[PDB]
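Trainee: So the sequence lines, in the order shown, correspond to chains Q, Q', O and O'. A prime marks a further copy of an entry chain.
Residues 1 to 18, 18A to 18B, 19 to 34, 36 to 122, 122A, 123 to 188, 190 to 331 (the entry's author numbering) make up the first sequence, in order.
Residues 1 to 18, 18A to 18B, 19 to 34, 36 to 122, 122A, 123 to 188, 190 to 331 (the entry's author numbering) make up the second sequence, in order.
Residues 1 to 18, 18A to 18B, 19 to 34, 36 to 122, 122A, 123 to 188, 190 to 331 (the entry's author numbering) make up the third sequence, in order.
Residues 1 to 18, 18A to 18B, 19 to 34, 36 to 122, 122A, 123 to 188, 190 to 331 (the entry's author numbering) make up the fourth sequence, in order.
Protein chains: 4
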Amino acid sequence: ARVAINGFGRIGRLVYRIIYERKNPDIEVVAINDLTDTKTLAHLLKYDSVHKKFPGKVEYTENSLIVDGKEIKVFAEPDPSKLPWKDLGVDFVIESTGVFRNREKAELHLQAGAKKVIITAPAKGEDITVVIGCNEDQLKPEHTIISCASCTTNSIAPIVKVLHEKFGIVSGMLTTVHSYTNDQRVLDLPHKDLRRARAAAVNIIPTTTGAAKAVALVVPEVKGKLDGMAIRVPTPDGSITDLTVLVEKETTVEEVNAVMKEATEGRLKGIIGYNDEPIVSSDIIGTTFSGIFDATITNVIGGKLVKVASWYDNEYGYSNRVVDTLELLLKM
Amino acid sequence: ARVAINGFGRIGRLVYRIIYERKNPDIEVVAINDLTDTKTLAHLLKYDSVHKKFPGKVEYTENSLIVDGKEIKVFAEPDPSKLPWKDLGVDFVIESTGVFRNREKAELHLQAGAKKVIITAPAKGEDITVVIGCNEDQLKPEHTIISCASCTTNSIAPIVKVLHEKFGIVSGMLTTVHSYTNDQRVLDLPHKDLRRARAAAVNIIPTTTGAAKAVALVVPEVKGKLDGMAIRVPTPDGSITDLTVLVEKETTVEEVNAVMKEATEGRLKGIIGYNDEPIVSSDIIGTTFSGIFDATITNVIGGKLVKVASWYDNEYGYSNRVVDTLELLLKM
Amino acid sequence: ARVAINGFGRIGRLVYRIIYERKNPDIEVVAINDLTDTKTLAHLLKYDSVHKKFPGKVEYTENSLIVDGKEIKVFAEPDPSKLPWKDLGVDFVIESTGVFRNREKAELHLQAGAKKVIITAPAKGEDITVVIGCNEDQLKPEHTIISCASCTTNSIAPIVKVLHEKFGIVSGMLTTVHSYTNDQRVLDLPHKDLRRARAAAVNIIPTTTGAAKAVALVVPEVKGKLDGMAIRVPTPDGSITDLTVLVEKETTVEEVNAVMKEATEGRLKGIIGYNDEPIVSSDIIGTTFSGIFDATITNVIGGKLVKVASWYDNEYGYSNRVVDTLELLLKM
Amino acid sequence: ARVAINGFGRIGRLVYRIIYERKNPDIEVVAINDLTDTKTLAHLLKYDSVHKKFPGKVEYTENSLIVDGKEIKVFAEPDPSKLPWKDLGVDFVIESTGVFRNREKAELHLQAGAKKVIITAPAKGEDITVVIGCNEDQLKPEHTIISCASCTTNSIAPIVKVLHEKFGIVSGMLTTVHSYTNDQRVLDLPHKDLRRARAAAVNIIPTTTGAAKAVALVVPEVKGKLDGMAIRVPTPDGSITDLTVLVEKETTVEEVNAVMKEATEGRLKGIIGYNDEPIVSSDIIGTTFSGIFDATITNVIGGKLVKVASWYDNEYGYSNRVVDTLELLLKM
Ligand SMILES: NC(=O)c1ccc[n+]([C@@H]2O[C@H](COP(=O)([O-])OP(=O)(O)OC[C@H]3O[C@@H](n4cnc5c(N)ncnc54)[C@H](O)[C@@H]3O)[C@@H](O)[C@H]2O)c1
Ligand SMILES: NC(=O)c1ccc[n+]([C@@H]2O[C@H](COP(=O)([O-])OP(=O)(O)OC[C@H]3O[C@@H](n4cnc5c(N)ncnc54)[C@H](O)[C@@H]3O)[C@@H](O)[C@H]2O)c1
Ligand SMILES: NC(=O)c1ccc[n+]([C@@H]2O[C@H](COP(=O)([O-])OP(=O)(O)OC[C@H]3O[C@@H](n4cnc5c(N)ncnc54)[C@H](O)[C@@H]3O)[C@@H](O)[C@H]2O)c1
Ligand SMILES: NC(=O)c1ccc[n+]([C@@H]2O[C@H](COP(=O)([O-])OP(=O)(O)OC[C@H]3O[C@@H](n4cnc5c(N)ncnc54)[C@H](O)[C@@H]3O)[C@@H](O)[C@H]2O)c1
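1) Flag this pair as touching only if the stretch 68 to 75 of chain O' and the stretch 309 to 322 of chain O have three or more C-beta atom pairs under 8 Å; answer yes or no.
2) Taking only beta carbons into account, state which residues of the stretch 200 to 218 of chain Q come closer than 7 Å to chain Q', listed in chain order.
3) Going by DSSP, what residue range makes up the alpha helix (DSSP H) through residue 319 of chain Q?
4) Quick check on this structure: which residue in O:275, O:249, O:288, O:280 has the alpha carbon closest to the alpha carbon of residue 268 of chain O?
5) Evaluate the contact criterion for the stretch 130 to 147 of chain O versus the stretch 36 to 43 of chain O: three or more CB pairs, one atom per stretch, below 8 Å.
6) Roughly how far, in whole angstroms, is the beta-carbon of residue 177 of chain Q from the beta-carbon of residue 236 of chain Q, given that I think they are within contact range, below 8 Å?
7) Note down the Cα distance separating residue 3 of chain O' from residue 93 of chain O', rounded to an integer number of angstroms.
8) Within the chosen definition, does the stretch 275 to 284 of chain Q reach the stretch 232 to 246 of chain Q through at least 3 CB pairs nearer than 8 Å?
9) So what's residue 165 of chain O' in DSSP terms, helix, strand or just coil?
10) Going by C-alpha to C-alpha distance, which of O:49, O:243, O:222, O:20 sits closest to residue 302 of chain O?
11) Tell me whether residue 186 of chain O is buried or exposed, calling it buried when 16 or more other Cβ atoms sit within 10 Å of its Cβ.
12) Output needed in chain order: residues of the stretch 158 to 171 of chain Q with a Cβ under 9 Å from some Cβ in chain Q'.
13) Quick check on residue 213 of chain Q: does DSSP put it in helix, strand or coil?
14) Is any non-hydrogen atom of ligand 1 found closer than 8 Å to the C-beta of residue 77 of chain Q, if you look at the structure I gave you?
15) Cutting at 8 Å between CB atoms, please list the residues of its own chain near residue 76 of chain Q, excluding the five before and the five after it.
16) Measuring CB to CB, does residue 167 of chain Q' end up less than 9 Å from residue 221 of chain Q'?
17) Report the three-state DSSP secondary structure of residue 266 of chain Q' (helix, strand or coil).
18) According to DSSP, is residue 205 of chain O helix, strand or coil?
19) Kindly give me the distance between the Cβ atoms of residue 196 of chain Q' and residue 43 of chain O', rounded to whole angstroms, as I take these residues to be in contact under 8 Å.
20) Out of O:219, O:241, O:315, which has the shortest C-alpha to C-alpha gap to residue 126 of chain O?
21) If we define contact as Cβ-Cβ less than 9 Å, is residue 110 of chain O a contact residue for chain Q?
22) Taking CB distances under 9 Å as the criterion, tell me whether residue 184 of chain O' reaches chain Q'.
23) Please report the distance separating the alpha-carbon of residue 205 of chain Q from that of residue 231 of chain Q.
24) Mapping DSSP to helix, strand and coil, what is residue 50 of chain O'?
25) Would residue 312 of chain O count as contacting chain Q' if we go by Cβ distances under 9 Å?
26) I believe residue 1 of chain O touches residue 329 of chain O by the beta-carbon criterion, under 8 Å. Please report the beta-carbon distance rounded to the nearest angstrom.
27) Compare the C-alpha of residue 171 of chain O against each of O:27, O:305, O:24 and name the closest.
28) Are any of the Cβ atoms in chain O' nearer than 9 Å to that of residue 276 of chain Q?
29) Less than 8 Å between the CB of residue 3 of chain O' and some heavy atom of ligand 4, yes or no?
30) Cβ of residue 18A of chain Q within 9 Å of Cβ of residue 325 of chain Q?
31) Can you give me the start and stop residues for the beta strand (DSSP E) that residue 70 of chain O' sits inside?
32) Taking Cβ-Cβ distances shorter than 7 Å, what residues in chain Q' pair up with residue 46 of chain O?
33) Measuring CB atoms only, is the stretch 88 to 108 of chain Q touching the stretch 43 to 63 of chain Q, in the sense that at least three cross pairs come out at less than 8 Å?
34) Which residues in chain Q sit within 7 Å of residue 188 of chain Q', going by Cβ to Cβ distance?
35) Tell me which residue opens and which closes the beta strand (DSSP E) that residue 11 of chain O is part of.
36) Please determine whether the Cβ atom of residue 7 of chain O' lies at a distance below 8 Å from any heavy atom of ligand 4.
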């Protein structure tokens, strides 16, 4: 399968690295599109402020990138419809710019010639939002516009599902203490959200989270029961979802932790990790899990109010899931 | 009343500034004790990384500080019992070192000659823990060892009280996204708490909060119902308490916000502020409130699960309360 | 005189706050143009992450800001030629967008009807670059497109003049340890400068400084003898210029300091401050000086190689100079 | 040879991790002494905020660390004279506590039974200060109390030697933009140095550097010609030395670079690296070099005033040199 990445930013670049690291024979990234030159994309791929140096040899010509001797065409076409997908024989497009999340816009890749599109964020009018650990068995070959939801949703949806199935979720609220992203501002600058307009590394910033409504999409049984928010803090990568749910059946920290441990060893293996050590955010950077269930934080008040917490590398854990979904598509 | 400050650190210094700013005729700070020289204390009082320059003229001799022409004796006596309180005619001592929180240790000031001691943190074996907005009408002249609780407790106890009185609190959990303090570490260094041992400005650090058990002390009706934790983040000052409570009577965001607004205008006036603007942490630095109720964050799920959030300048808001308590003592 | 501010960003906003504080009757700010709406501009004017809350009352309508009952029209015109300067009766325009630095662009404001334009950055094709303390006396009424140079130039040029005057300059190099700005990035993102493309708050970033060339524009005598670079670091505001200069006359630390103190009490009074206390960056935020000579850093080796440093609030010290220049055009 | 590490801090821990990575058979680390317990030392060895997880398996008993099945005894003896070096058969001790820098203190390890002591900082009364790339050939078997100087000295001294060699040095000044360290403070707290007393992560802090004097210890020829200072900034690791030097011979940027590249491919191979890409601090974390010559910063004005810069991972580049010195004593 020939793959194309639209938007070689934080997610687009890490998705490429992961693909390069996996060495899957059936996945060939043939093109990369952004709004800049090959020199700049080469440099940004090579050096990373959070994730260290790219393992491979990176070179560039005026029109392409050369990674370990393989040439990848680079374009700077802000309009997806102008992209030579059809000509390049492009099968799947990873939509990671952040601006083409509506079905109408994403559809432009299919018009330009690609078969399926994966939007690396919550979407509007998509065929399906797939969160591995929740509903990847609903994906069908007829789905062309696919969404992988947000990082916070992947960090907690699989956990919400097991808690619901074991104790029954009545009401619930999550708060994600999240690192800043390129959607924020260095210093106070205009932005649609007046809080995200404020200096990123200087403030504790309450704002919104895609997880709020996305979880109900993958775990329908919980629709209308959960809500949430985000508090962006001065860390460049690494987050933690703090979930408080009112459950139906009585429990204990001991039991909640045991069911989770079971899950991470089984159905959730490699998706949700299990931790019982006093770790901090810098310790989870580079992990591939969608979330790491922190057993040292589990708490129950009155047998029914329970707090559970999930750590996650918002950039890396998520990109891994994007590549998994891409592999899912190789099976149809 | 002649007052003495033991521990001229972040809290000790701000308490002095506030006292200096209030210009209360009946409060004379006659001594300051620490573990350093007058030159260093003079400099630290004068320049502050978070709160700006001290308004007054500060000078120093080998044995004292001279603020606007008034001399304040300075000692470097690590043992409170050796302090010349009796001789100096010291009435009230502000215990702000952080190491004399047990009744036995605090009692040393009374042995050295002072009448009453105010511990600026949760205490052990104290006569009374007073949180203004919750139980300042329990303070009696027979109380010599007084505690003002922690900053997080003052940020939320007054709010917890009104919520309980209006809707009835069943179960509840709070999480405080808190700035780092001098109890943490610049870079990974030994500490009793393995998470607080980690680099302060580089990590999202879950840890403990004094508010967890201190709230039940001032609002007895809620004993055994609330629990909580802290997540220290890379900001030098400014915090927010995120409380999620299961309430008895059905409500709405509209109602919860209205009762709070009423309170801030009444009984809680000047203690708990009310906000409905999209502010961030840097905007609350320098406020005197114990907490600022953020109306833009209030949320209710299923008429009974409610989230309320309180902002606070953990250094300044709290020191103001310490001075208020000191004034309370002038009335007996 | 009627004034308009083009680009209500960090500088644009600070210039206005200063104009408002000075209460100069001969200055009426009648228009403000940016690229966003009034609600956003009102919120950004009211709250600041570094400089705290605006002293006045701020309201807004669909097309104007109302500060203390006075109305300022607000436009969102990215093309200066389409601005109604002629109709608004705009005499002077403060060009602080950062994108209209060459004469061809700056002129669009004149074409639109304004009389004089002050660019808050180095320019190309300007009639004069004026650095108060260096060449303000070269300002002629015929000057129509004026530049105030950059903040680093203003922090060190007046000092360079004096030093050259007293000991004669042979060669010199300056390095400014500079707070980050909005020209930088939150996380690794494309930028012309590949170093400024990197995560601003987590890297020590070598880059360029507009003072490398501009110093000679205002102190012609040192033309071809200086050069410099910048090192952007993780602070939101506050910078320091480290100048190492090879002088002609034999000196001593004492004489350089004495010569500078002399200057700051006379000719450079209110422009360059004098310091001899061990202060750090947070201590100089809010200062009106262009630079604060730090006597504690002065060093001379071989009686001829001298080091001097100048602290400065890159946003606020500079904006005061922008407003000073504006006041100069008032007497013409 | 049996080795003991006194002070398992940033350097102590890194020196050990390197020893462990090199797998040198002639080096057996048999003891580790600090001021805390095994559980804390084990946790701090395992997780690192800057350098990531330890590669091996770490366990602990009440009095020892067990790494990959090997046991290291752990002591908590603040007085080196009371350490059982004689009984443990300790040949060499790595003195990394930062408090036993003078000969009188360092000797307590010899009194306790060790043969040779390597201090990881500038010292007083040492037999020799050795900077590999400068004077390692002056190390004699008779040397018993050795110093590896400071990280800044190691980053620039080898370069100073070469430059002096090729163009002759007349005068020079260095300024290192340095990451903060554990000698600093989280928030304003007493310290000998009134500037280092300030909040480490929120200020640009001028302070001292051990390279101001030490460079001459290893390059005697430049004795009395250099001086320097430090500027501590809000980064956890990564530093850069900015050297402005007045040379004797007329040069050009090209020749200085060529001369340095030459050196790094030969004599300084593996000690000083060569760089010509636009890298930032985060890019040099994890490097083994003492300094990385940055060709993109080299500048010469007047054919004689030259600027050169050297990047370095102050913790890790230095520790590799500490272990290299240790390996040198092996051939004696
Ligand atoms: N950063 C995270 O933690 C994270 C995690 C999960 C999902 N996401 C989502 O993935 C998407 C990408 O976010 P990011 O953090 O990588 O952002 P980013 O801003 O670093 O990357 C956006 C990239 O796309 C490019 N781009 C923008 N418009 C373009 C256009 N019209 N055509 C082609 N290229 C264009 C930009 O130049 C940039 O390089 C967003 O929707 C985001 O919400 C981000
Ligand atoms: N910082 C906050 O947000 C905050 C808020 C509320 C309460 N508190 C509490 O107030 C107390 C002080 O904390 P802080 O943040 O001001 O800390 P700090 O570490 O800045 O201040 C402690 C000061 O006391 C001095 N000291 C320590 N031991 C001494 C001794 N034996 N005798 C005399 N002086 C000694 C230290 O030199 C230092 O100057 C702590 O219990 C803390 O928990 C802190
Ligand atoms: N920040 C400092 O320390 C500093 C100091 C001295 C000078 N300057 C200079 O001042 C200028 C502005 O700097 P800043 O730091 O305030 O930047 P900034 O990005 O905060 O502000 C730029 C503002 O102008 C607006 N703008 C951009 N394009 C526009 C257009 N076409 N029409 C109208 N408005 C538009 C943007 O929305 C933004 O609000 C730059 O030239 C900069 O080099 C900055
Ligand atoms: N951090 C760097 O970049 C760097 C680089 C080169 C050299 N150094 C030098 O290395 C030394 C250690 O520096 P660090 O940054 O690792 O500091 P640090 O504070 O992390 O480590 C010091 C360690 O030694 C322990 N210690 C203190 N007193 C002790 C005693 N009496 N007995 C036994 N152990 C004790 C402390 O518990 C701590 O773990 C200092 O001299 C420093 O100047 C630091």
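Built from N, CA and C at the ideal position, the CB exists for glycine as well.
Mentor: Here's the rundown:
1) In short, these stretches do not touch, since the Cβ pair count stays below three.
2) Here the close residues are 201, 202, 203, 204, 205.
3) 315 to 328 is the extent of the alpha helix (DSSP H) around residue 319 of chain Q.
4) Of the listed residues, the one whose Cα sits closest to residue 268 of chain O is O:288.
5) As far as the Cβ criterion goes, the stretch 130 to 147 of chain O does not touch the stretch 36 to 43 of chain O, which means the pair count is below three.
6) Contact between residue 177 of chain Q and residue 236 of chain Q holds: CB atoms are separated by about 5 Å, below the 8 Å threshold.
7) The alpha-carbon atoms of residue 3 of chain O' and residue 93 of chain O' are separated by roughly 8 Å.
8) With a cut-off of 8 Å, the stretch 232 to 246 of chain Q and the stretch 275 to 284 of chain Q count as touching, because enough Cβ pairs lie within range.
9) When secondary structure is reduced to three states using DSSP, residue 165 of chain O' falls in the helix class.
10) The candidate whose alpha carbon is nearest that of residue 302 of chain O is O:243.
11) Burial call: buried.
12) Within the stretch 158 to 171 of chain Q, the residues whose Cβ lies closer than 9 Å to some Cβ of chain Q' are 168, 169, 170, 171, listed in chain order.
13) For residue 213 of chain Q, the three-state secondary structure derived from DSSP is helix.
14) Because some heavy atom of ligand 1 lies under 8 Å away, the Cβ of residue 77 of chain Q counts as near it: yes.
15) Result list for residue 76 of chain Q: 31, 82, in chain order.
16) Cβ atoms of residue 167 of chain Q' and residue 221 of chain Q': closer than 9 Å.
17) Note: residue 266 of chain Q' maps to coil in three-state DSSP.
18) When secondary structure is reduced to three states using DSSP, residue 205 of chain O falls in the strand class.
19) Right, their Cβ atoms sit about 7 Å apart.
20) The option with the nearest alpha carbon to residue 126 of chain O is O:219.
21) Not an interface residue.
22) Chain Q', which has a Cβ nearer than 9 Å to the Cβ of residue 184 of chain O', makes this yes.
23) Taking the straight line joining both Cα atoms gives about 6 Å.
24) Judged by DSSP in its simplified three-state form, residue 50 of chain O' adopts coil rather than helix or strand.
25) No - not a single Cβ of chain Q' is within 9 Å of the one on residue 312 of chain O.
26) Correct: roughly 6 Å between the Cβ atoms.
27) Minimum Cα distance to residue 171 of chain O is reached at O:305.
28) Judged by the 9 Å Cβ criterion, residue 276 of chain Q is in contact with chain O'.
29) Flag unset: Cβ of residue 3 of chain O' not near ligand 4.
30) Yes, the pair counts as a contact, with Cβ atoms nearer than the cut-off.
31) Run containing residue 70 of chain O': 69 to 74, per the beta strand (DSSP E) assignment.
32) Proximity of chain Q' to residue 46 of chain O at the Cβ level (cut-off 7 Å) is accounted for by 278, 282, in chain order.
33) At 8 Å Cβ cutoff, the stretches do not touch.
34) For residue 188 of chain Q', no chain Q residue has a Cβ inside 7 Å of its Cβ, as the nearest lies near 13 Å away.
35) Taken as a continuous stretch (DSSP letters only), residue 11 of chain O belongs to no beta strand (DSSP E), being part of the alpha helix (DSSP H) at 10 to 20.
36) Flag set: Cβ of residue 7 of chain O' near ligand 4.
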